[PDB]
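Comments concern the structure below.
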Amino acid sequence: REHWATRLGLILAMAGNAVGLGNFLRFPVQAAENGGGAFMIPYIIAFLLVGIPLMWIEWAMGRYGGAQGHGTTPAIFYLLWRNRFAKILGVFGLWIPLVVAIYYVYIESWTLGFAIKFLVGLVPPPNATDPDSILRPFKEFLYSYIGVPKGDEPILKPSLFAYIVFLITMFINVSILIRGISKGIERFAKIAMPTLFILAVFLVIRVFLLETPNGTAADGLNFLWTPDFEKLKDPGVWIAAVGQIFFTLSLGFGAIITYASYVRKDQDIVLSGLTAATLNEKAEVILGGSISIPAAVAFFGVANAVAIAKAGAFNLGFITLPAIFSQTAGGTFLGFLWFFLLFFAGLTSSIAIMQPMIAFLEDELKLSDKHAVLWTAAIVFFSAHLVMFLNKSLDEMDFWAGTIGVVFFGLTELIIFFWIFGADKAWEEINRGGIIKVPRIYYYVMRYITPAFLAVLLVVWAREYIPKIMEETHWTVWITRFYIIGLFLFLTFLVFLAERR
Ligand SMILES: CCCCCCCCO[C@@H]1O[C@H](CO)[C@@H](O)[C@H](O)[C@H]1O
Ligand SMILES: CCCCCCCCO[C@@H]1O[C@H](CO)[C@@H](O)[C@H](O)[C@H]1O
Ligand code: NA
Ligand code: NA
């Protein structure tokens, strides 16, 4: 079995796994939408009660599985619980990361496309000071890029350039993964993560120097870091915080598990896992949280920044922020650095959520690494055409896989590992070879708190918010639901072919 060559490489690979578009696009929107500081107390608590414990669990299961030649959950789940149902629930460890990849890589290609056009200057005056005169040209620049529908039809007509940039983006993803763990993912991580950190820090400093009559970047930080306990009784804020923690740490994706399956059997995962987890949180709340919010707050104020955030998941990062930069000397180049930052962030994550299906084809169907990557890329490239042309197919998959799916799977893997497999032997697996030991308090959190917190969260979620979306959507949501259900059954069938091999 291939293994990471260095501890540093492993941590940066796993840090590049987590540090992605979630840190710089999702977290700002989630935080701004929920009162900044009002959002971070749940966020901090969710990290300590969900994020950290599940991080260790996923490392442990991956390492455990890798030791026996299996880095994906269909097999690992069966190793932890020899029941045919374990293999079927294990399929979600392939389905979630594949479905998330189908639209993640596309949004990743936007950041590359934008970056190219901002670098070359093919982008949309301060003499005009009315705001909408500055934001509309960037709204239209994005809407024309991805082809937002103008008429009654729910169809997207993405640019030719966007389509081509998508092809290039997958070619880049394949270029890395086709070289393996050590010489591929690990080598790119050691380059991308330094670059990512330097770009983010530079952007943070340029943003902190933004000042306008409606505020400063400082007002954005005090809005983000001013505690508030009015909404700590609000279910929506807790479910947003826990959803964000799952997504940003790549938990419930099966991706952490697959990476960890390439860690040597007796090599530490306790400190390593905690380091990658904490590195992502620093990149999230200090870098991600100090670019978009302070910029929008400084230029528009908090009320209008909160409105912008509520406007959409891409309004802030793809429209508002470049619009703000455009009012700065060299702002188009600053835009380039922002989207280049976003690209390396997403690319380091997209390669990680595609390797689960790659490792399944290598480990269970015994495909060569080369063919495993190409077939995986073809599956993602083809399926992405749903996301590229059907309006809001992106949202439907991000909901079932990237929001409901991750949480459901996170609770499933915990139950399999810590209840059925055995809390005491799971605890042994986590700490075996640990440089440090997991705080013994966390044994009880992982066994009783984390599952209760996720279980309670999923019912107040499933029987309150989702009946709304499950009843009055446009019929085209069924197209995406139909397709990703077919995907699940296709993967179930490969698991069936792998069991009988
Ligand atoms: C995988 C092949 C079948 C899927 C059909 C989608 C391929 C069509 O792709 C389309 O081709 C056009 C050519 O000008 C481009 O302008 C469009 O942006 C592109 O989306
Ligand atoms: C980074 C690689 C991008 C190569 C694809 C460029 C295709 C963009 O083609 C676009 O449409 C028309 C040409 O038919 C013209 O408006 C411009 O050449 C161009 O903006
Ligand atoms: Na992240
Ligand atoms: Na990443």
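Identifiers for the structure tokens are assigned positionally: chains receive A, B, ... in sequence, residues are indexed from 1 per chain, and ligands are indexed from 1 in the order shown.
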Between chain A and ligand 1, at 8 Å or less, what are the per-residue closest atom pairs and their distances in Å? Count only C-alpha atoms and all ligand atoms, order by chain and rising residue number, and return it as a Markdown table.
| residue | atom | partner | partner_atom_place_in_ligand_line | distance |
| --- | --- | --- | --- | --- |
| A:157 | CA | ligand 1 | 18 (O) | 6.5 |
| A:158 | CA | ligand 1 | 18 (O) | 5.1 |
| A:159 | CA | ligand 1 | 18 (O) | 4.9 |
| A:160 | CA | ligand 1 | 18 (O) | 4.0 |
| A:161 | CA | ligand 1 | 18 (O) | 7.2 |
| A:162 | CA | ligand 1 | 18 (O) | 6.9 |
| A:163 | CA | ligand 1 | 18 (O) | 5.0 |
| A:164 | CA | ligand 1 | 18 (O) | 7.7 |
| A:381 | CA | ligand 1 | 1 (C) | 7.9 |
| A:382 | CA | ligand 1 | 1 (C) | 5.6 |
| A:385 | CA | ligand 1 | 6 (C) | 6.5 |
| A:388 | CA | ligand 1 | 20 (O) | 7.4 |
| A:389 | CA | ligand 1 | 20 (O) | 7.4 |
Just C-alpha atoms for this one: save the residues we selected as a PDB file, in the first residue's frame.
ATOM      1  CA  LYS A 157     -25.990  28.543 -20.657  1.00  0.00           C
ATOM      2  CA  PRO A 158     -22.434  28.703 -19.267  1.00  0.00           C
ATOM      3  CA  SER A 159     -19.776  30.538 -21.236  1.00  0.00           C
ATOM      4  CA  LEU A 160     -17.607  28.672 -23.685  1.00  0.00           C
ATOM      5  CA  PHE A 161     -14.688  29.940 -21.609  1.00  0.00           C
ATOM      6  CA  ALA A 162     -16.256  28.613 -18.401  1.00  0.00           C
ATOM      7  CA  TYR A 163     -16.810  25.218 -20.020  1.00  0.00           C
ATOM      8  CA  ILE A 164     -13.200  25.104 -21.225  1.00  0.00           C
ATOM      9  CA  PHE A 381     -16.845  15.304 -15.570  1.00  0.00           C
ATOM     10  CA  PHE A 382     -19.947  13.733 -17.104  1.00  0.00           C
ATOM     11  CA  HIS A 385     -23.003  18.587 -16.863  1.00  0.00           C
ATOM     12  CA  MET A 388     -23.486  23.159 -15.363  1.00  0.00           C
ATOM     13  CA  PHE A 389     -26.795  23.327 -17.261  1.00  0.00           C
TER      14      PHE A 389
END
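Near range 148-155 of chain A, within a cut-off of 9 Å and counting only C-alpha atoms, sit the residues residues 142, 143, 389, 390, 391, 392 and 476 of chain A, with same-chain residues fewer than 5 positions away left out.
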Kindly provide the residues of chain A that approach ligand 4 to within 10 Å, each paired with its closest atom pair and their distance in Å to one decimal, based on only C-alpha atoms and all ligand atoms, listed by chain and increasing number, as CSV.
residue,atom,partner,partner_atom_place_in_ligand_line,distance
A:12,CA,ligand 4,1 (Na),9.8
A:13,CA,ligand 4,1 (Na),8.6
A:14,CA,ligand 4,1 (Na),8.6
A:15,CA,ligand 4,1 (Na),7.2
A:16,CA,ligand 4,1 (Na),4.1
A:17,CA,ligand 4,1 (Na),4.7
A:18,CA,ligand 4,1 (Na),5.5
A:19,CA,ligand 4,1 (Na),4.4
A:20,CA,ligand 4,1 (Na),3.6
A:21,CA,ligand 4,1 (Na),6.9
A:22,CA,ligand 4,1 (Na),8.5
A:23,CA,ligand 4,1 (Na),8.9
A:189,CA,ligand 4,1 (Na),9.0
A:192,CA,ligand 4,1 (Na),8.9
A:193,CA,ligand 4,1 (Na),8.5
A:196,CA,ligand 4,1 (Na),9.3
A:248,CA,ligand 4,1 (Na),9.3
A:249,CA,ligand 4,1 (Na),10.0
A:250,CA,ligand 4,1 (Na),9.5
A:280,CA,ligand 4,1 (Na),9.4
A:342,CA,ligand 4,1 (Na),8.8
A:343,CA,ligand 4,1 (Na),8.6
A:344,CA,ligand 4,1 (Na),6.8
A:345,CA,ligand 4,1 (Na),4.1
A:346,CA,ligand 4,1 (Na),4.7
A:347,CA,ligand 4,1 (Na),5.7
A:348,CA,ligand 4,1 (Na),3.6
A:349,CA,ligand 4,1 (Na),3.2
A:350,CA,ligand 4,1 (Na),6.7
A:351,CA,ligand 4,1 (Na),8.1
A:352,CA,ligand 4,1 (Na),7.8
A:353,CA,ligand 4,1 (Na),9.6
| message | I'd like the contact shell of residue 171 in chain A - 12 Å cut-off, only C-alpha atoms, skipping same-chain residues fewer than 2 positions apart - returned as a list in words. | response | residues 105, 109, 164, 165, 166, 167, 168, 169, 173, 174, 175, 176, 177, 178, 347, 351, 373, 374, 377, 378, 380 and 381 of chain A
| message | Under the rule that only C-alpha atoms and all ligand atoms are counted, which of A:61, A:279, A:354, A:232 is the nearest residue to ligand 3? | response |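 Among the listed residues, the smallest separation from ligand 3 belongs to A:279.
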| query | What is the distance, in Å and to one decimal place, between CA of residue 129 in chain A and CA of residue 298 in chain A? | reply |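 Value for the CA of residue 129 in chain A-CA of residue 298 in chain A distance: 14.9 Å.
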Wanna dump the range 16-128 of chain A-range 251-272 of chain A contacts at 10 Å for me, each residue with its shortest atom pair and the distance in Å to one decimal, counting only C-alpha atoms, ordered by chain and number, as a Markdown table?
| residue | atom | partner | partner_atom | distance |
| --- | --- | --- | --- | --- |
| A:17 | CA | A:256 | CA | 7.6 |
| A:18 | CA | A:256 | CA | 8.6 |
| A:50 | CA | A:251 | CA | 9.6 |
| A:51 | CA | A:251 | CA | 7.7 |
| A:52 | CA | A:251 | CA | 9.9 |
| A:54 | CA | A:251 | CA | 7.1 |
| A:55 | CA | A:251 | CA | 6.9 |
| A:56 | CA | A:270 | CA | 6.4 |
| A:57 | CA | A:257 | CA | 8.7 |
| A:58 | CA | A:257 | CA | 5.0 |
| A:59 | CA | A:260 | CA | 5.1 |
| A:60 | CA | A:269 | CA | 7.1 |
| A:61 | CA | A:257 | CA | 6.3 |
| A:62 | CA | A:257 | CA | 4.1 |
| A:63 | CA | A:261 | CA | 4.4 |
| A:64 | CA | A:265 | CA | 7.0 |
| A:65 | CA | A:261 | CA | 6.0 |
| A:66 | CA | A:261 | CA | 3.9 |
| A:67 | CA | A:265 | CA | 5.6 |
| A:68 | CA | A:261 | CA | 9.1 |
| A:69 | CA | A:261 | CA | 8.0 |
| A:70 | CA | A:261 | CA | 7.1 |
| A:71 | CA | A:258 | CA | 4.6 |
| A:72 | CA | A:258 | CA | 5.8 |
| A:73 | CA | A:254 | CA | 6.9 |
| A:76 | CA | A:257 | CA | 9.3 |
| A:90 | CA | A:254 | CA | 9.2 |
| A:91 | CA | A:254 | CA | 9.8 |
| A:92 | CA | A:254 | CA | 8.1 |
| A:93 | CA | A:254 | CA | 4.6 |
| A:94 | CA | A:254 | CA | 6.9 |
| A:95 | CA | A:253 | CA | 8.6 |
| A:96 | CA | A:253 | CA | 5.7 |
| A:97 | CA | A:253 | CA | 5.1 |
| A:98 | CA | A:253 | CA | 8.9 |
| A:99 | CA | A:253 | CA | 9.9 |
| A:100 | CA | A:253 | CA | 8.4 |
| Which residue of A:420, A:185, A:401, A:324 approaches residue 131 in chain A most closely, using only C-alpha atoms |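 Using only C-alpha atoms, the shortest distance to residue 131 in chain A belongs to A:324.
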| Nearest residue to ligand 3 from the set A:181, A:130, A:281, A:203 (distances using only C-alpha atoms and all ligand atoms) | A:281
| task | For residue 396 in chain A, list every protein, DNA or RNA residue within 7 Å, evaluated using only C-alpha atoms, and leave out those in the same chain fewer than 4 positions away; present the list as a PyMOL selection string. | result | chain A and resi 392+400+477+480
Those same residues - N, CA and C atoms - I'd like them written as a short mmCIF file (atom, residue, chain, number, x, y, z; two decimals), in the first residue's frame.
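For reference, result_16.cif as written:
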data_model
loop_
_atom_site.label_atom_id
_atom_site.label_comp_id
_atom_site.auth_asym_id
_atom_site.auth_seq_id
_atom_site.Cartn_x
_atom_site.Cartn_y
_atom_site.Cartn_z
N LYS A 392 -29.94 25.28 -10.29
CA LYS A 392 -30.16 24.86 -8.91
C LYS A 392 -30.01 23.36 -8.71
N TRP A 400 -28.29 17.45 -0.17
CA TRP A 400 -28.40 16.04 0.21
C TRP A 400 -27.05 15.45 0.58
N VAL A 477 -35.92 19.77 -9.52
CA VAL A 477 -35.15 19.18 -8.43
C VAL A 477 -35.16 17.66 -8.53
N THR A 480 -32.24 16.15 -10.55
CA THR A 480 -31.01 15.96 -9.80
C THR A 480 -31.16 14.84 -8.78
#
| query | Using only C-alpha atoms, which residues sit within 7 Å of residue 332 in chain A once same-chain residues fewer than 6 positions away are excluded, as a PyMOL selection string? | reply | chain A and resi 118+121+325-326
| Which of these, A:416, A:484, A:498, A:302, has the shortest distance to residue 34 in chain A once you count only C-alpha atoms? | A:302
| request: Work out how far apart CA of residue 311 in chain A and CA of residue 32 in chain A are and give it in Å to one decimal. | output: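 One can read the CA of residue 311 in chain A to CA of residue 32 in chain A distance as 10.8 Å.
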| field | Nearest candidate to ligand 2 (options A:197, A:81, A:27, A:110; using only C-alpha atoms and all ligand atoms) | value |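 Residue with the minimum atom-to-atom distance to ligand 2: A:110.
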| Which one of A:457, A:48, A:116, A:5 sits closest to ligand 2 if you count only C-alpha atoms and all ligand atoms? |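 For ligand 2, the nearest of the candidates is A:116.
You will find CA of residue 220 in chain A at 7.8 Å from CA of residue 290 in chain A.
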| Expected answer as a PyMOL selection string: strand (DSSP E or B) residues in range 36-281 of chain A | chain A and resi 155+211-212+215-216
Quick one: contact table of range 296-401 of chain A to range 223-229 of chain A, 12 Å max, nearest atom pair and distance in Å to one decimal per residue, counting only C-alpha atoms, chain and number order, as a Markdown table?
| residue | atom | partner | partner_atom | distance |
| --- | --- | --- | --- | --- |
| A:296 | CA | A:223 | CA | 11.7 |
| A:297 | CA | A:223 | CA | 8.7 |
| A:298 | CA | A:223 | CA | 11.1 |
| A:301 | CA | A:223 | CA | 10.2 |
| A:302 | CA | A:223 | CA | 7.5 |
| A:303 | CA | A:223 | CA | 10.5 |
| A:305 | CA | A:223 | CA | 10.5 |
| A:306 | CA | A:223 | CA | 10.2 |
Next, the residues of the selection above should be written as a PDB file, in the first residue's frame with N, CA and C atoms.
ATOM      1  N   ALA A 296     -16.586  43.873   3.067  1.00  0.00           N
ATOM      2  CA  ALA A 296     -17.970  44.268   2.820  1.00  0.00           C
ATOM      3  C   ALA A 296     -18.477  45.197   3.912  1.00  0.00           C
ATOM      4  N   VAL A 297     -18.118  44.915   5.165  1.00  0.00           N
ATOM      5  CA  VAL A 297     -18.565  45.754   6.272  1.00  0.00           C
ATOM      6  C   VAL A 297     -17.978  47.151   6.142  1.00  0.00           C
ATOM      7  N   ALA A 298     -16.700  47.241   5.770  1.00  0.00           N
ATOM      8  CA  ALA A 298     -16.054  48.545   5.674  1.00  0.00           C
ATOM      9  C   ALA A 298     -16.691  49.398   4.585  1.00  0.00           C
ATOM     10  N   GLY A 301     -21.107  48.734   5.410  1.00  0.00           N
ATOM     11  CA  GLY A 301     -21.620  48.625   6.757  1.00  0.00           C
ATOM     12  C   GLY A 301     -22.127  47.227   7.054  1.00  0.00           C
ATOM     13  N   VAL A 302     -22.471  47.007   8.321  1.00  0.00           N
ATOM     14  CA  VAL A 302     -22.872  45.668   8.743  1.00  0.00           C
ATOM     15  C   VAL A 302     -24.232  45.304   8.155  1.00  0.00           C
ATOM     16  N   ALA A 303     -25.204  46.210   8.253  1.00  0.00           N
ATOM     17  CA  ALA A 303     -26.551  45.893   7.787  1.00  0.00           C
ATOM     18  C   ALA A 303     -26.541  45.463   6.325  1.00  0.00           C
ATOM     19  N   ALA A 305     -23.857  44.469   4.632  1.00  0.00           N
ATOM     20  CA  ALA A 305     -23.033  43.275   4.493  1.00  0.00           C
ATOM     21  C   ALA A 305     -23.830  42.029   4.852  1.00  0.00           C
ATOM     22  N   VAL A 306     -24.591  42.088   5.946  1.00  0.00           N
ATOM     23  CA  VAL A 306     -25.463  40.971   6.300  1.00  0.00           C
ATOM     24  C   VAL A 306     -26.451  40.705   5.175  1.00  0.00           C
TER      25      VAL A 306
END
